[PDB]
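Asker: Let me begin by handing over the structure; questions about it come next.
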Amino acid sequence: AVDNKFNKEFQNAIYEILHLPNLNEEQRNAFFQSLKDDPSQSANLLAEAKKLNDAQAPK
Amino acid sequence: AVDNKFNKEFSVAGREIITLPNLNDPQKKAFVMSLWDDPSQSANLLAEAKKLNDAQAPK
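Residue numbers (PDB author numbering), protein chains in the order written: chain A, 0 to 58; chain B, 0 to 58.
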C-alpha cells in the first residue's frame, strides 16, 4: 500500500525536511540518511527536524 | 559519514526543484521522489521542472 501511513509518512518526511530552511547542510543530510536507513522512523525524524529548524531560526 | 556527495547532490537538486515558485506541491513532491529513487535523473528532472515552472508563471 503505497498510500498507507508508513509510506505517506516516509514521503512526507523527505519532502518536508527538504523544505526546512533553518537546517544546515550537514543536519539536513543526516536526516535524509536516517530516513533511508530506517523509514519506519519517518514521522519521528520529521518531528525532530521541525523542532531543530525552529531552534535555529535567525534571531 | 552522512555529509557526503550523495546526500549533498540530492539536497542541492531537491532544493532547486522546490524553490521553483510556480510549481504545485504534487509536481514538486513527484520530482523529489523520483530524484530520491534515481539520482541519474537529476539533470532531466531539473530541466523538466524548470520548463513547467516557466509555463505556469503568473499571468
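Where is the CB? At the ideal position from N, CA and C, for every residue including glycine.
Answer with yes or no whether the minimum CB distance from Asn6(B) to chain A is below 9 Å.
Answerer: Yes - at least one Cβ of chain A is within 9 Å of the one on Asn6(B).
Asker: Run through chain D and tell me which residues come within less than 7 Å of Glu25(A), C-beta to C-beta.
Answerer: The structure shown contains no chain D; the protein chains it does contain are A and B.
Asker: Three-state secondary structure (DSSP) at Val31(B)?
Answerer: Looking at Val31(B) - three-state DSSP - the assignment turns out to be helix.
Asker: Looking at the secondary structure, which residues open and close the alpha helix (DSSP H) in which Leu44(B) lies?
Answerer: Looking at the DSSP string, the run of the alpha helix (DSSP H) that includes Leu44(B) is 41-54.
Asker: Just to check my reading of the structure: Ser41(A) and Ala0(A) have Cβ atoms closer than 8 Å, yes? What is that Cβ distance to the nearest angstrom?
Answerer: No, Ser41(A) and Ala0(A) are not in contact; Cβ-Cβ is about 15 Å, not under 8 Å.
Asker: Where do the ends of the alpha helix (DSSP H) carrying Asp2(B) lie?
Answerer: It is not in any alpha helix (DSSP H) - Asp2(B) carries neither H nor E in the DSSP assignment.
Asker: By the criterion of Cβ-Cβ separation under 8 Å, what are the contact partners of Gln10(A) in chain B?
Answerer: By Cβ distance, chain B contributes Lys28, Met32.
Asker: Could you tell me whether the Cβ of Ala29(A) comes closer than 9 Å to any Cβ of chain B?
Answerer: Chain B contact via Cβ: present.
Asker: Just how far apart, CA to CA, sit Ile17(B) and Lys27(B)?
Answerer: Taking the straight line from one Cα to the other gives about 6 Å.
Asker: If the criterion is Cβ atoms closer than 9 Å, does the pair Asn28(A) and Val1(B) meet it?
Answerer: Yes, Cβ-Cβ distance for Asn28(A) and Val1(B) is below 9 Å.
Asker: In angstroms with no decimal places, state the Cα-to-Cα distance between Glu24(A) and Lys4(B).
Answerer: So the two alpha carbons sit approximately 12 Å from each other.
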